[PDB]
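Understanding the architecture of this molecule
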Amino acid sequence: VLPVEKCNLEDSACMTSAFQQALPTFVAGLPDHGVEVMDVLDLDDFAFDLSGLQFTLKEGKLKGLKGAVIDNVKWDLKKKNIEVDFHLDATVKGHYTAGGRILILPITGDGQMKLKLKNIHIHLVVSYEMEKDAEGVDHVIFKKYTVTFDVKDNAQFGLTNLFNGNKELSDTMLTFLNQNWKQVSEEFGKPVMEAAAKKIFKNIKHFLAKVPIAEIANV
Ligand SMILES: COC1=C(OC)C(=O)C(C/C=C(\C)CC/C=C(\C)CC/C=C(\C)CC/C=C(\C)CC/C=C(\C)CC/C=C(\C)CC/C=C(\C)CCC=C(C)C)=C(C)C1=O
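Residues numbered from 1 in each chain as written, not as in the entry; some residues may be left out. Heavy atoms only, no water.

1. Structural notes on the overall build of the chain
Under the convention used in this document: Only DSSP runs of H or I with at least four residues qualify as helices, and only runs of E with at least two residues qualify as strands; both kinds are numbered from the N terminus onward. In what follows, a contact means two residues having at least one pair of non-hydrogen atoms within 4.5 Å. Surface accessibility in these figures is a Shrake-Rupley result with a 1.4 Å probe; residues are shielded only by whichever protein chains are displayed. This count recognises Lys and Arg as positive and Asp and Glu as negative, with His and chain-terminal groups excluded. Every charge is mapped to an atom, namely NZ of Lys, CZ of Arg, CG of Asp or CD of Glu.
In terms of helices and strands, the chain carries three helices and eight strands. Counting from the amino terminus, helix and strand elements in the chain follow one another as α-β-β-β-β-β-β-β-β-α-α. Judged by the C-alpha coordinates and their principal axes, the chain covers about 65 × 30 × 25 Å. Long-range pairs, those at least 24 residues apart, make up 66% of the contacts in the chain with a sequence separation of at least 6. Counting every atom, the chain has about 11,400 Å² of accessible surface; 54% of that belongs to carbon and sulfur. Positive and negative side-chain charges of the chain, numbering 26 and 30 respectively, have mean locations separated by a distance of 1 Å.

2. Points about the state of the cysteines
Filter applied, for reference: The definition used for a disulfide is geometric: two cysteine sulfur atoms within 2.5 Å.
As enumerated under the stated definition, the model contains one disulfide in all. Disulfide pairing is shown between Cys7 and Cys14; the S-S distance is 2.1 Å. The disulfide joining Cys7 to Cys14 has a torsion of about -90° about its S-S bond and is therefore left-handed.

3. Focus: the packing of aromatic side chains
Here is the rule we go by: Aromatic pairing here means that ring centres of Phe, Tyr or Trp (its six-membered ring) are within 6.5 Å. Orientation follows from the plane angle: under 30 degrees is stacked, over 60 is edge-to-face, and everything else is tilted. Only protein chains enter the accessibility calculation, which uses a 1.4 Å probe; a residue is then buried when its area is under 20% of its type maximum, exposed when over 50%, and partly exposed in between.
Per the stated rule, a full pass over the model turns up seven aromatic pairs. With a centroid separation of 6.5 Å and an interplanar angle of 50°, the aromatic rings of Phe46 and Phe55 are classed as tilted. No difference in accessibility class separates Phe46 from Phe55, as the two residues are buried. A connected cluster of aromatic rings, assembled from ring pairs, spans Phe46, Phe48, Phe55 and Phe188.

Rendered as C-alpha cells:
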C-alpha cells in the first residue's frame, strides 16, 4: 500500500527514514483505503474567539505537508508512545472573517487569507496500543496525541478586504501583523494547528488500524 522499509521500532535512525519515505505517498491520499489527501489538506470549518479576536475560516487549506522533513522518530515500547519531530513550510488559505481586535488594533475583515509559515517545527507525541484483530492480525492502534509547534523563521499575513476595502487601514494592519508575526503565531496558532492535527491524526489512525504491523515493521 505504502512504500516503507521495515524497521525495528527502537532503531530511531531507521524510523526517521521510514517516516520520511512513507510521508509523501501518504499525504497524497489513499482513496481506496479511505485516506484523505493531506497536501493540499482540506481543513473543516472552524472559528475561534481568543484575546479579543473573533476569527472564522471556511474552505480552509493547508499546503506544505508533502515536503516535511522528519527530524527524529523516538519510539518508547515501554510507555507505548511515539515522539515525532519534524519541520516544514506551510501555507494556510481560505475564506476568513475577522472582527474585534488584534492586540492593540481593531479589525474587521471578510475575504481571503494566505498565511505563509516558514520553518515551522512540530513536536508530536502519540499514545498507542498494539491490538490483535478479529482474524488475528496485529495492528498499531493510535489512541491520543499532543502537538506543539514553533514557527522559527517567519510568518506572513495576506488578508484581503480588511476594513471594507480601506487601503490605509488594511496597509497599517498588514504591516502590523508581519512586524509582530511571532507574537501573533503564539496567540492564534493553536486552533489552526488543531484544525489540521485532528484531521491528519484521524487518517493515520485509520490507516495503521487496517494495515498489519508486520507489513511496516519488524514485529
Ligand atoms: C515505520 O512504520 C511506519 C509507522 O509506524 C508503524 C508509521 O506510523 C507511519 C506513519 C505514516 C507516515 C509516516 C505519515 C506520518 C505523518 C506525520 C508525522 C504528520 C503528522 C502531522 C500532525 C498530526 C499535524 C501537523 C500539523 C500542521 C503541519 C499544522 C501547523 C500549522 C500551524 C502551527 C499554523 C500556525 C498559525 C499561525 C502562526 C497564525 C494564525 C493566525 C490566524 C489564523 C489569525 C491571523 C490574524 C487575523 C487578522 C487573520 C509510517 C509511514 C510507517 O512506515
